[PDB]
Amino acid sequence: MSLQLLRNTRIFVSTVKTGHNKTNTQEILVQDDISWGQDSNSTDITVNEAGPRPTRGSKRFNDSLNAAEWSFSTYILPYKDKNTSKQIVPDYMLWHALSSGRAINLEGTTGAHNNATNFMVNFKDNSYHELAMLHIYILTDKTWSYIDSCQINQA
Amino acid sequence: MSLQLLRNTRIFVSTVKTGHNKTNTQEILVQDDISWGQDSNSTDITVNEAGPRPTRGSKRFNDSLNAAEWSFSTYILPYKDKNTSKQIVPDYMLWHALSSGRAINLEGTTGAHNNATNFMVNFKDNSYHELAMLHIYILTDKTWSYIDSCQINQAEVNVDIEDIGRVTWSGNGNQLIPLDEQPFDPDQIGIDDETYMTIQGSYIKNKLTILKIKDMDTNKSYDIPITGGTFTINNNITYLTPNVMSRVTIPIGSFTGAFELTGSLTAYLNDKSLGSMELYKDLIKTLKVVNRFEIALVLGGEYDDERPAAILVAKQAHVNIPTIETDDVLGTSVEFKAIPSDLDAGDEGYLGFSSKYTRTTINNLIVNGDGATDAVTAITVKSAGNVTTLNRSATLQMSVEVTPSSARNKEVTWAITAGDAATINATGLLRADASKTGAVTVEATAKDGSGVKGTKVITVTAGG
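Residue numbers (UniProt numbering), protein chains in the order written: chain E, 1 to 155; chain P, 1 to 464.
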């Protein structure tokens, strides 16, 4: 018995559906304009006669579900973390899933990779039919939910 | 011919239109700031053309009737009636209408209801689309006039030093109606001189204003002298009217909006511990979106002898970040708004009006909810046989005593805070074992939330 407010939403970005730790999931600081959902398709079958006393009745069938839509806005907030002493943006896995389709490796030289000087994102390794795969976890007040196998469409 | 005068106008509040008796009508202690009247909406039609002969024409039409406006202020003078010997404010159905929409019932537990000790008004049953329906009767000299189906929009309570305790009511009615015939004789319904003496026996002076402020995340009660305050209860009532072109229309019922209990308290900055400055700096230091505070404003002061006082109890309030106001001597203002435990759980707050308050009475009203039910004040944990220590691997069922002996809730919890060499259960059986050579403590706090503390340092030793 409770109502859920949008202001209490918290968003976590994950690459795994189990074994969640600090290297696979981090919170993403979102704003008011956050939105998510999933629409469904249907169809009406109607009989179209021409004579007197025609049949006037319809019928609906659920036929398919559309892809889930999500969107949110975040501040560009570069900083250096104390653990690794390398400049990193908090929503770095979002940048990686946008940039390349390989497993995340900040030590490398393609996609989202950081350094002791700056955090860098290059698109030299995005030749993939399925980029790095995320799972957006949504926490509104008390109830949980998530979108399965997301992909970063744009930024 | 005969001119009607304002000073001779008397107000009567009713719950029914016919068969008015003493239990449905009363004379209200209104002041000289009364005002009422119903206005109307009108439409003007103009014509704009470009021809050689312009049509400078204007046609007016009446469209609808707006809500009837009424507003008056009354003195806060709680008292006990001789018939029931229970403390009741003279204008009790006004508080009932402000509180909940059920039938008036002083013997219940929701809405405006009295008791042998004090009159308490909760808003626990306020979750209605339409509150209790009244009928404001206005007798100016001899001509009668009443406002149909009034509902209390807000109650303006002003709490300022140099100002006597008063409350201002403002609401709306479906349609003000003038009457030629007397609905009921005012003399026997109007209060007699004896109950006027009884009412004037109790005055509430706002000069004696003491505030109880306490955060529920730190339990840092403050000592704040009040310079002046104001808290109001708002129903956000809007009347719904139909839109018909052919004929005029009148409002039809209403839907109470969002319940708002806001208040503003002005107080001088103090450098003393638990003062205004400490509260301000704590609030401006711990910038948190949500606040949870015990605010208990006590109009009229507190005394050992029975004294008239007015009480507001906001259990879980929201304190807005104060803005220190510059003046001759620094006096800050704090704004609060009581939020509920859950949006539809009620319990926004409750009030206390009575001429007979002892500090214990107001204390148990604040903590337990009623001025009649007693609450624990001090607790000393009692060992099973005046025992002071314990040896390794020995059982000890803790007992406890509570005061006063007339407390309604006497059961306490059992917990261990300082030291890790023993355990305690729900009943209080403290148990030790081997490898327990350190001193440990035991705690006890009742579930009524008085803030009582039961402590005793038991010297748990290694044993023989």
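A virtual CB, placed ideally from N, CA and C, is assigned to each residue, including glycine.
The alpha helix (DSSP H) spanning residue i covers which residue range?
i	result
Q188(P)	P186 to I189
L134(P)	Run containing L134(P): none in the alpha helix (DSSP H); it sits in the beta strand (DSSP E), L134 to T140.
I11(E)	Counting along the chain, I11(E) falls outside any alpha helix (DSSP H), though it belongs to the beta strand (DSSP E) covering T9 to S14.
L94(P)	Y92 to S99
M277(P)	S276 to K285
For residue i, collect the residues of the same chain with a Cβ closer than 6 Å to its Cβ; drop the 5 residues on either side in sequence, then sort them by chain order.
i	result
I45(E)	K59
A155(E)	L98
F353(P)	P78, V89, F119 and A310
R307(P)	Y357
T249(P)	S64, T241 and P242
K337(P)	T262 and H318
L106(P)	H113 and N114
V334(P)	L265 and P322
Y222(P)	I213, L274 and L279
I237(P)	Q151, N153, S254 and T256
Is the beta carbon of residue i sitting closer than 8 Å to the one on residue j?
i	j	result
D141(E)	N8(E)	yes
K212(P)	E294(P)	yes
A116(P)	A372(P)	yes
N206(P)	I233(P)	no
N235(P)	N153(P)	yes
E443(P)	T417(P)	yes
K17(E)	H96(E)	no
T230(P)	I161(P)	no
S202(P)	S85(P)	no
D420(P)	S393(P)	no
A407(P)	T332(P)	no
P322(P)	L287(P)	no
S14(E)	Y128(E)	no
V376(P)	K410(P)	yes
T198(P)	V159(P)	no
Nearest to residue i by CA position, among the options, is which residue?
i	options	result
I76(E)	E130(E), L5(E), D91(E) and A112(E)	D91(E)
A68(E)	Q38(E), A112(E), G108(E) and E107(E)	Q38(E)
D125(E)	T25(E), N105(E) and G101(E)	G101(E)
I34(P)	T360(P), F72(P), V452(P) and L351(P)	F72(P)
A426(P)	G419(P), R359(P) and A415(P)	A415(P)
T25(P)	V289(P), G171(P) and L94(P)	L94(P)
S246(P)	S64(P), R10(P) and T15(P)	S64(P)
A314(P)	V381(P), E27(P), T323(P) and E260(P)	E260(P)
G346(P)	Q316(P), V457(P) and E107(P)	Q316(P)
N368(P)	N320(P), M398(P), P340(P) and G449(P)	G449(P)
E130(P)	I321(P), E325(P), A103(P) and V381(P)	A103(P)
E27(P)	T74(P), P52(P) and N174(P)	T74(P)
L3(P)	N83(P), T43(P) and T143(P)	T143(P)
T218(P)	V329(P), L343(P), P178(P) and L279(P)	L279(P)
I339(P)	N291(P), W169(P) and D305(P)	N291(P)
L343(P)	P183(P), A258(P), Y196(P) and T195(P)	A258(P)
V289(P)	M398(P), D180(P), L330(P) and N320(P)	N320(P)
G349(P)	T360(P), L312(P), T43(P) and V329(P)	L312(P)
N66(P)	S170(P), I324(P) and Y239(P)	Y239(P)
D32(E)	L6(E), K82(E), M1(E) and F61(E)	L6(E)
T361(P)	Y303(P), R53(P), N391(P) and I224(P)	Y303(P)
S170(P)	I224(P), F184(P), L29(P) and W70(P)	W70(P)
Please list, in chain order, all residues of the same chain as residue i whose beta carbon is under 8 Å from its beta carbon, the five residues on each side excluded.
i	result
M277(P)	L269, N270 and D271
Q200(P)	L77
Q87(E)	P78, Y79, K80, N114, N115, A116, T117, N118 and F119
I379(P)	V400, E401, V402, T403, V412, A444, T445, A446, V452, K453 and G454
Could you give the residue range of the beta strand (DSSP E) that holds residue i?
i	result
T168(P)	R166 to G173
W70(P)	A68 to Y75
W414(P)	Where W414(P) is concerned, there is no enclosing beta strand (DSSP E), given that its DSSP letter is neither H nor E.
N62(P)	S58 to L65
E401(P)	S399 to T403
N105(E)	It is not in any beta strand (DSSP E) - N105(E) carries neither H nor E in the DSSP assignment.
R431(P)	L429 to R431
residue 465(P)	In the structure displayed, chain P extends from 1 to 464; residue 465(P) sits before or after that span and is not available.
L265(P)	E260 to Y268
Within the same chain, show all residues whose beta-carbon is closer than 7 Å to that of residue i, passing over the 5 residues directly before and after it, in chain order.
i	result
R431(P)	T395, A422 and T423
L139(P)	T9, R10, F12 and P186
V47(E)	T55 and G57
Quick one: is residue i near chain C, going by C-beta distance under 8 Å?
i	result
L139(E)	Of the chains in the structure shown, none is chain C; the protein chains are E and P.
*Determine contact between the region 295-306 of chain P and the region 251-259 of chain P, defined as no fewer than three beta-carbon pairs at a distance below 8 Å.*
no
*Just checking, does the region 430-437 of chain P make contact with the region 454-464 of chain P on the three C-beta pairs under 8 Å criterion?*
These segments touch.
*Take every Cβ of the region 16-24 of chain P, pair it with every Cβ of the region 106-121 of chain E, and state whether three or more of those distances are shorter than 8 Å.*
With the cut-off at 8 Å, the region 16-24 of chain P and the region 106-121 of chain E do not touch.
_the region 385-404 of chain P in contact with the region 134-150 of chain P per 3-pair CB rule at 8 Å_ = The region 134-150 of chain P and the region 385-404 of chain P do not touch, with fewer than three beta-carbon pairs separated by less than 8 Å.
*Please determine if the region 178-191 of chain P and the region 254-273 of chain P are in contact, where contact requires at least 3 C-beta pairs separated by less than 8 Å.*
No: the two stretches stay apart, fewer than three of their Cβ pairs being nearer than 8 Å.
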